[PDB]
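Read through the structure below, which is laid out as structure tokens, and then see the notes.
To find a chain, count down the sequence lines: A is the first, B the second, and so on, and within it residues start at 1. Atoms considered below: every heavy atom in the structure, side chains included; atoms not considered: hydrogens, waters and symmetry mates.
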Amino acid sequence: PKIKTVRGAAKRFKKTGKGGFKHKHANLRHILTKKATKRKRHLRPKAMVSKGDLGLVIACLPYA
Amino acid sequence: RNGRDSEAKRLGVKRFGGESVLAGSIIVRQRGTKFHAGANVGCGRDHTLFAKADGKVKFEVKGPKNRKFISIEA
Amino acid sequence: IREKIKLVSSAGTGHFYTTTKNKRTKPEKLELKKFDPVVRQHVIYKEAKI
RNA sequence: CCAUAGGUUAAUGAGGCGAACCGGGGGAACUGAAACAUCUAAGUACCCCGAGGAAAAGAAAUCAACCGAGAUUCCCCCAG
RNA sequence: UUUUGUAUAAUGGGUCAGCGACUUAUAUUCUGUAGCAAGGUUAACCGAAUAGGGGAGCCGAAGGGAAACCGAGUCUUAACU
RNA sequence: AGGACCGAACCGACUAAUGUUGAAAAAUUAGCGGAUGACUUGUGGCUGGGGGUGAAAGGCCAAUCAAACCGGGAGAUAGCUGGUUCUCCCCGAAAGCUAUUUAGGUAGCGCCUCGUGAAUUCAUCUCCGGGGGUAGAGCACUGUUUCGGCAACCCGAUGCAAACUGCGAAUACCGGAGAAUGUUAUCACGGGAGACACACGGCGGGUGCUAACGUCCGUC
RNA sequence: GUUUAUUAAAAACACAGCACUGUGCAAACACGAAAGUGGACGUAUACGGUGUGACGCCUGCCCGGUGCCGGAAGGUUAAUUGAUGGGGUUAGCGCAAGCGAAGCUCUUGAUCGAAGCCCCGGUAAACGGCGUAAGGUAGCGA
RNA sequence: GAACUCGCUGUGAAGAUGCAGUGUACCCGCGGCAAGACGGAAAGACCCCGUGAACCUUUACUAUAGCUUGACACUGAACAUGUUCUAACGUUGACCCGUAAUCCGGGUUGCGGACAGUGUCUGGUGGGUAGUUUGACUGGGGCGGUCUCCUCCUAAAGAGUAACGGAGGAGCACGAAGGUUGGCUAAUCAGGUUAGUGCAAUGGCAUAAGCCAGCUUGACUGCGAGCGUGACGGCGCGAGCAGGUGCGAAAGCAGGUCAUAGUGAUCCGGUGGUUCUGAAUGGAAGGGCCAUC
RNA sequence: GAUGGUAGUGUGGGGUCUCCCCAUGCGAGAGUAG
Ligand SMILES: [K+]
Ligand SMILES: [K+]
Ligand SMILES: [K+]
Ligand SMILES: [K+]
Ligand SMILES: [K+]
Ligand SMILES: [K+]
Ligand SMILES: [K+]
Ligand SMILES: [K+]
Ligand SMILES: [K+]
Ligand SMILES: [K+]
Ligand SMILES: [K+]
Ligand SMILES: [K+]
Ligand SMILES: [K+]
Ligand SMILES: [K+]
Ligand SMILES: [K+]
Ligand SMILES: [K+]
Ligand SMILES: [K+]
Ligand SMILES: [K+]
Ligand SMILES: [K+]
Ligand SMILES: [Mg+2]
Ligand SMILES: [Mg+2]
Ligand SMILES: [Mg+2]
Ligand SMILES: [Mg+2]
Ligand SMILES: [Mg+2]
Ligand SMILES: [Mg+2]
Ligand SMILES: [Mg+2]
Ligand SMILES: [Mg+2]
Ligand SMILES: [Mg+2]
Ligand SMILES: [Mg+2]
Ligand SMILES: [Mg+2]
Ligand SMILES: [Mg+2]
Ligand SMILES: [Mg+2]
Ligand SMILES: [Mg+2]
Ligand SMILES: [Mg+2]
Ligand SMILES: [Mg+2]
Ligand SMILES: [Mg+2]
Ligand SMILES: [Mg+2]
Ligand SMILES: [Mg+2]
Ligand SMILES: [Mg+2]
Ligand SMILES: [Mg+2]
Ligand SMILES: [Mg+2]
Ligand SMILES: [Mg+2]
Ligand SMILES: [Mg+2]
Ligand SMILES: [Mg+2]
Ligand SMILES: [Mg+2]
Ligand SMILES: [Mg+2]
Ligand SMILES: [Mg+2]
Ligand SMILES: [Mg+2]
Ligand SMILES: [Mg+2]
Ligand SMILES: [Mg+2]
Ligand SMILES: [Mg+2]
Ligand SMILES: [Mg+2]
Ligand SMILES: [Mg+2]
Ligand SMILES: [Mg+2]
Ligand SMILES: [Mg+2]
Ligand SMILES: [Mg+2]
Ligand SMILES: [Mg+2]
Ligand SMILES: [Mg+2]
Ligand SMILES: [Mg+2]
Ligand SMILES: [Mg+2]
Ligand SMILES: [Mg+2]
Ligand SMILES: [Mg+2]
Ligand SMILES: [Mg+2]
Ligand SMILES: [Mg+2]
Ligand SMILES: [Mg+2]
Ligand SMILES: [Mg+2]
Ligand SMILES: [Mg+2]
Ligand SMILES: [Mg+2]
Ligand SMILES: [Mg+2]
Ligand SMILES: [Mg+2]
Ligand SMILES: [Mg+2]
Ligand SMILES: [Mg+2]
Ligand SMILES: [Mg+2]
Ligand SMILES: [Mg+2]
Ligand SMILES: [Mg+2]
Ligand SMILES: [Mg+2]
Ligand SMILES: [Mg+2]
Ligand SMILES: [Mg+2]
Ligand SMILES: [Mg+2]
Ligand SMILES: [Mg+2]
Ligand SMILES: [Mg+2]
Ligand SMILES: [Mg+2]
Ligand SMILES: [Mg+2]
Ligand SMILES: [Mg+2]
Ligand SMILES: [Mg+2]
Ligand SMILES: [Mg+2]
Ligand SMILES: [Mg+2]
Ligand SMILES: [Mg+2]
């Protein structure tokens with residue numbers, strides 16, 4: 001049978017031009033008042049999945 | 001009653017005397033100023049000394065207080 | 001003891017800042033001039049409920 | 001009370017069996033979730049009823065998108 | 001065999017003969033190899049046909065952005081050194 | 001008269017020995033209790049599994065009972081234990097970190113392998129440029145301590161310290177330069193892992209009794 | 001008398017006797033999706049449940065807790081009911097900004113509302129306690 | 001497993017027929033005895049472990065049969081909220097018939113009567129019954145203690161480094177305790193920080209980082225060369241650029257606080273905003289994005 | 001603030017091994033002349 005996508009992963013990662021994955025940063029959902037503006041501003045832009053994590057992500061997203 | 005400690009903070013000299021740096025590079029992390037900001041060096045809010053220019057690290061005993069200064073030589 | 005509050009723009013945009021306040025010691029509503037990035041001017045911001 | 005229940009006889013049919021497939025009435029748990037209750041296993045196993053050479057479904061109170069298609073069924077895509 | 005470590009007084013086997021454990025299907029990725037190449041390949045099905053037909057599709061030649069949208073750029077921001 | 005008495009049949013099963021691959025998957029032998037009763041026995045019947053039945057021991061329900069047996073779901077699940085079959089050649093670990101309802105499991109990273117690619121990329125040594133606060137030492141500081149002089153403080157002499165420092169090595173580590181040597185020994189990316197129970201010995205230590213073939217780190 | 005068939009026969013179980021409690025008969029209660037059936041072809045001197053265990057002398061104090069029984073003023077409170085406010089849409093009216101009826105619709109949740117619970121009493125041969133509800137009496141006691 | 005199967009003292013996976021050294025011992029039965037072969041028997045039942053099982057308990061959790069409450073239905077009339085009524089409904093009263101029948105049905109009558117009872121919904125109660133949960137570390141387990149964060153020592157002069165090792169703290173505070181400019185300098189009773197630091201410890205602090213006053217909101221928004229630290233999620237330091245602001249005469253300094261604790265991923269949802277999306281179309285709902293809870 | 005000696009120590013080896021010693025390299029602190 002076809003491999004099933006991990007559907008949670010597909011909602012959190014998107015495949016880039018050269019095959020890496022961008023994700024949204026953690027720590028910007030709530031408890032925002034105590035956080036520095038500098039901290040929160042740097043958590044806005046999407047970031048790339050790191051080398052160690054790529055194997056985990058690719059397993060989850062076989063039709064990425 | 002014991003059995004506590006905190007995470008080690010990875011303070012210390014990151015670039016030693018005569019190493020080439022880019023501007024922005026951290027030179028020492030510290031609590032307070034064991035080392036002081038010399039020429040072409042800033043002092044961050046946690047007393048991190050960092051290069052303001054590209055160049056080489058230069059530590060020096062300088063001042064009347066025998067104090068240790070970090071400077072970047074061009 | 002400190003309670004989170006909304007500093008809300010007088011400019012009429014909806015840019016709010018957030019901060020804390022000891023309401024027991026400072027019962028009066030806090031007011032500060034701060035940069036509103038919608039209108040791009042320093043305007044009066046006045047305390048409101050979080 | 002007319003009646004109706006009831007009673008008797010006649011004619012006709014049914015009954016019971018059979019591997020799967022088919023429609024319907026009921027319907028688990030182990031298991032997976034690295035525990036577990038939502039969830040899963042699964043409308044599966046199993047029990048029951050009924051049928052036929054097949055069954056079921058079927059000629060739009062259907063889709064579509066302002067263009068159009070034209071009952072049902074099955075196969076390949078769409079698409080993990 | 002299991003262990004840091006077994007002649008071990010740890011495990012298993014009385015012996016022989018026969019049998020006894022990484023498979024199969026589908027999807028996906030990488031390597032090798034073959035074909036064709038900015039293209040490649042068809043599925044069901046048709047066909048008496050391992051032929052031939054069938055290009056429905058799928059993958060690829062473009063990316064960026066949550067998206068509208070823009071496009072060798074695009075997003076970010078009022079705007080980028 | 002009697003859940004009366006003694007005692008066979010009959011029904012039991014208190015003690016001991018034997019037997020324990022038995023004569024027997026519960027008996028035999030010698031004794032033992034009830035023996036007109038809430039007694040005992042033949043034949044047949046009824047109660048069915050979270051159910052029965054129980055003068056209640058979780059007893060008994062076909063030599064099976066804190067949920068019978070048979071078939072099915074079924075190859076339940078098994079982070080556990082065992083086992084895993086012909087040959088040669090090359091390379092060759094780990095028993096660590098981090099996280100974990102985690103600790104004998106697993107994941108990422110470290111270490112192994114195979115491939116691709118590329119810098120004098122890497123190592124040793126020499127010279128050069130660095131930061132140390134350890135060993136040692138010391139006693140001005142924080143404390144501790146002895147003696148003398150004066151008597152609140154301080155001074156002279158003398159020691160002690162992992163959490164003392166007016167000092168301070170060797171080494172190690174970072175960076176730069178140069179030669180020789182070394183099958184690129186280096187780094188990156190990609191395919192495949194295993195491993196995350198370590199042991200002893202040397203050195204530096206915590207713990208323990210400078211006890212342990214003890215225990216916990218660092219390093220060889 | 002009974003019991004762990006097959007390591008326990010006993011001080012265990014049962015027992016007559018005692019007490020509490022339920023039960024008015026289509027009884028309570030039990031088996032049963034139900035129909036029924038047992039209880040019983042019995043009827044409170046009966047039947048079920050519970051504890052105690054011949055007989056003798058006896059069985060003290062505590063109702064604060066938990067349960068059970070009784071009460072129902074007051075509070076709280078379900079389905080139900082859908083006031084009242086707000087939104088969506090758009091006939092209209094706006095040169096435009098907006099506004100906006102009705103209908104439909106999304107939401108809000110007033111009012112109504114029982115038992116229970118809180119609350120007020122009772123009850124220990126109810127579960128229990130006996131230096132706070134009350135502090136262990138009689139008898140007995142290494 | 002195979003045996004050509006001695007003692008002793010050592011050694012050694014730490015209690016040896018098999019190793020070392022040494023002693024003793026011709027080959028082979030038969031009757032006896034059980035000290036050893038950690039003899040045979042049963043994948044230890046004790047003990048621990050497994051995110052095993054079962055059954056049992058309860059004021060563990062979640063359900064649920066049963067019991068119980070009310071609304072609506074079956075379910076009506078007349079008067080007044082209650083009472084009367086009969087016709088639904090009940091009857092495990094009587095009688096009649098089917099019928100030879102203590103079943104059942106139909107009929108007649110009595111009694112009860114819109115009650116009771118049952119269905120759906122609903123609150124209560126509910127170990128009666130069911131499914132499950134009930135952490136880990138640990139010089140065995142339990143009991144005790146501990147679990148995240150900060151500071152010091154252990155830590156072997158870069159970083160890092162364990163133990164149920166040795167000592168202490170945090171889970172905030174502050175619109176001033178922030179920013180800047182200008183002043184100002186302690187403990188203590190002789191001197192120079194031996195004081196001060198919003199709160200532990202360490203490192204800092206006179207250019208004060210201490211203290212005071214005036215003026216202020218840079219406790220700014222968008223970004224960010226480069227770097228530190230992490231397996232990763234992350235976390236941290238940061239010139240400089242754009243916009244706009246404060247203090248200062250100006251150079252300048254200011255993106256919170258002497259620094260290092262004062263913290264919680266994701267999901268789900270709330271609030272406001274929005275050159276986004278809007279399942280025929282316009283809207284809307286919902287979703288996205290931004291800010292925040 | 002020398003010199004000298006002492007302490008420590010990298011590498012290799014050794015012992016009577018809680019501690020030392022030898023070879024070689026590095027070599028304080030304190031104190032002293034000044
Ligand atoms: K289940
Ligand atoms: K599991
Ligand atoms: K073992
Ligand atoms: K054994
Ligand atoms: K393959
Ligand atoms: K290929
Ligand atoms: K760009
Ligand atoms: K059963
Ligand atoms: K791993
Ligand atoms: K590899
Ligand atoms: K070692
Ligand atoms: K007996
Ligand atoms: K009471
Ligand atoms: K020997
Ligand atoms: K023997
Ligand atoms: K009624
Ligand atoms: K331990
Ligand atoms: K032990
Ligand atoms: K600026
Ligand atoms: Mg948000
Ligand atoms: Mg620390
Ligand atoms: Mg599970
Ligand atoms: Mg037929
Ligand atoms: Mg048909
Ligand atoms: Mg048309
Ligand atoms: Mg072992
Ligand atoms: Mg050996
Ligand atoms: Mg042996
Ligand atoms: Mg063996
Ligand atoms: Mg074993
Ligand atoms: Mg064996
Ligand atoms: Mg595209
Ligand atoms: Mg007798
Ligand atoms: Mg018997
Ligand atoms: Mg006998
Ligand atoms: Mg007798
Ligand atoms: Mg007799
Ligand atoms: Mg028992
Ligand atoms: Mg039996
Ligand atoms: Mg069971
Ligand atoms: Mg199954
Ligand atoms: Mg199996
Ligand atoms: Mg080799
Ligand atoms: Mg951590
Ligand atoms: Mg020392
Ligand atoms: Mg020290
Ligand atoms: Mg070097
Ligand atoms: Mg492990
Ligand atoms: Mg380990
Ligand atoms: Mg270990
Ligand atoms: Mg180790
Ligand atoms: Mg040692
Ligand atoms: Mg030792
Ligand atoms: Mg050991
Ligand atoms: Mg007797
Ligand atoms: Mg017995
Ligand atoms: Mg016996
Ligand atoms: Mg009856
Ligand atoms: Mg009794
Ligand atoms: Mg008694
Ligand atoms: Mg009430
Ligand atoms: Mg009373
Ligand atoms: Mg021996
Ligand atoms: Mg013999
Ligand atoms: Mg014998
Ligand atoms: Mg044995
Ligand atoms: Mg075992
Ligand atoms: Mg009713
Ligand atoms: Mg219950
Ligand atoms: Mg239970
Ligand atoms: Mg289960
Ligand atoms: Mg369980
Ligand atoms: Mg444990
Ligand atoms: Mg260090
Ligand atoms: Mg070191
Ligand atoms: Mg540590
Ligand atoms: Mg380590
Ligand atoms: Mg370690
Ligand atoms: Mg520790
Ligand atoms: Mg960059
Ligand atoms: Mg500007
Ligand atoms: Mg502060
Ligand atoms: Mg502070
Ligand atoms: Mg939800
Ligand atoms: Mg929105
Ligand atoms: Mg629409
Ligand atoms: Mg010298
Ligand atoms: Mg000297």
Report yes if a side-chain nitrogen or oxygen of A:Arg7 is closer than 4.0 Å to either non-bridging phosphate oxygen (OP1 or OP2) of D:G80; otherwise report no.
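Looking at the OP1 and OP2 atoms of D:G80, neither is under 4.0 Å from any side-chain N or O of A:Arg7.
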Whether B:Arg31 contacts H:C205 is assessed here as follows: a side-chain N or O lying under 4.0 Å from the phosphate OP1 or OP2. Is that the case?
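False: B:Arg31 side-chain N/O out of range (4.0 Å or more) of H:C205 OP1/OP2.
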Given [options], which nucleotide is nearest the side-chain atoms of [X]?
X       : options                : answer
A:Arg39 : H:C153, H:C235, H:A167 : H:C235
B:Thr33 : F:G131, H:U260, H:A209 : H:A209
A:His30 : H:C293, H:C150, F:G132 : H:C293
A:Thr16 : H:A167, E:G64, F:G130  : E:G64
C:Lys26 : E:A78, H:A259, H:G175  : H:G175
A:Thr37 : H:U292, H:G244, H:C220 : H:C220
B:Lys65 : E:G64, F:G190, H:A206  : H:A206
A:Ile3  : H:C290, E:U28, H:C174  : E:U28
C:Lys34 : H:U217, H:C232, H:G175 : H:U217
B:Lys9  : H:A261, H:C174, H:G244 : H:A261

With nearest nucleotides of RNA chain H determined for B:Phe69 and B:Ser25 from heavy-atom distances, which residue corresponds to the more 5′ nucleotide?
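Of the two residues, B:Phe69 wins.
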Closest-nucleotide 5' rank along RNA chain H - winner of C:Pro37 and A:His42:
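This one resolves to C:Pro37.
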Between [N] and [M], how far apart are the two [atom1] atoms, rounded to whole Å?
N      : M      : atom1 : answer
F:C122 : H:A239 : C1'   : 34 Å
H:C38  : H:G7   : P     : 14 Å
H:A167 : F:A163 : P     : 14 Å
F:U126 : F:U134 : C1'   : 27 Å
G:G17  : G:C58  : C1'   : 16 Å
F:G132 : H:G233 : P     : 35 Å
G:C140 : G:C117 : P     : 48 Å
D:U73  : D:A55  : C1'   : 12 Å

Since syn is defined as within 90° of 0, does [N] count as syn or as anti?
N      : value
F:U64  : syn
F:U120 : syn
D:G15  : syn
I:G25  : anti
E:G55  : syn

Partner nucleotide, any strand, of F:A185 [Watson-Crick/G-U, under 3.5 Å]
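By the stated definition (distances under 3.5 Å), F:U121 pairs with F:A185.
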Side-chain ion pair, C:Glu47 and C:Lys6, N-O less than 4.0 Å
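Salt bridge absent between C:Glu47 and C:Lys6.
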Check: B:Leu49 and B:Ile26 side chains under 4.5 Å, non-hydrogen atoms:
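Side chain of B:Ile26 against side chain of B:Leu49, heavy atoms only: no contact under 4.5 Å found.
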Pick north or south for the sugar of [N]; the rule is positive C1'-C2'-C3'-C4' for north, negative for south.
N     : answer
G:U23 : north
G:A96 : north
E:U8  : south

same_hphob_cluster(A:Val6, A:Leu61) at 4.5 Å side-chain heavy-atom cutoff
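No, because A:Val6 and A:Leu61 fall into different hydrophobic clusters, even though each may have its own neighbours under 4.5 Å.
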Would you check if there is a donor-acceptor pair between the side chains of C:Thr20 and C:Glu3 at a distance under 3.5 Å?
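Result is no, nothing qualifies.
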Would you tell me whether C:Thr13 and C:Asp36 have side-chain atoms, one donor and one acceptor, within less than 3.5 Å of each other?
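There is such a pair between these side chains.
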Does [M] pair with [N] as Watson-Crick or G-U wobble, both distances under 3.5 angstrom?
N      : M      : value
H:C137 : H:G145 : yes
F:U15  : F:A30  : yes
H:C143 : H:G23  : no
H:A65  : H:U58  : no
F:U64  : F:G83  : no
F:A118 : F:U29  : no
H:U99  : H:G10  : no

Between B:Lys58 (NZ) and F:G131 (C1'), how many Å, whole number?
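About 13 Å, once rounded to whole Å.
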Value in whole Å for how far the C1' atom of H:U229 lies from CZ of B:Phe50:
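Going from CZ in B:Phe50 over to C1' in H:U229 covers 18 Å.
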Using the six-membered ring of each base, decide whether [M] stacks on its neighbour [N] (centre distance under 5.5 Å, planes under 30°).
N      : M      : answer
H:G126 : H:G127 : no
H:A167 : H:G168 : yes
F:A35  : F:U36  : no
F:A162 : F:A163 : yes

Could you go through the side chain to side chain contact (heavy atoms under 4.5 Å, CB included) check for A:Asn27 and A:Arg39 one step at a time?
CA-CA 9 Å; A:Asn27 295 299; A:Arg39 182 175 161 192; 3.9 Å; yes
Walk me through whether C:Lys34 and C:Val43 qualify under side chain to side chain contact (heavy atoms under 4.5 Å, CB included).
CA-CA 6 Å; C:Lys34 299 187 73 66; C:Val43 288; over 6 Å; no
Under-3.5 Å donor-acceptor pair between B:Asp5 side chain and H:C150 base:
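Such a pair does not exist between side chain and base.
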Side-chain-base donor-acceptor pair under 3.5 Å for B:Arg10 and H:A159:
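Between H:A159 and B:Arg10, which were checked side chain against base, a qualifying N/O pair under 3.5 Å is absent.
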Judged by each residue's nearest nucleotide on RNA chain F, which is more toward the 5′ side, A:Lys51 or B:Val13?
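Here B:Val13 is the residue nearer the 5' end.
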With nearest nucleotides of RNA chain F determined for A:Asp53 and B:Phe35 from heavy-atom distances, which residue corresponds to the more 5′ nucleotide?
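The residue whose closest nucleotide sits nearer the 5' end is A:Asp53.
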Counting any heavy atom closer than 4.0 Å, what does [X] reach on the DNA or RNA strands: base, sugar-phosphate only, or nothing?
X       : answer
C:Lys6  : nothing
B:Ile27 : nothing
A:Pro45 : nothing
A:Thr5  : sugar-phosphate
A:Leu43 : sugar-phosphate

May I ask you to check whether B:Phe59 and B:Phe35 place their ring centres under 6.0 Å from each other?
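Yes, they do, as the ring centres are separated by less than 6.0 Å.
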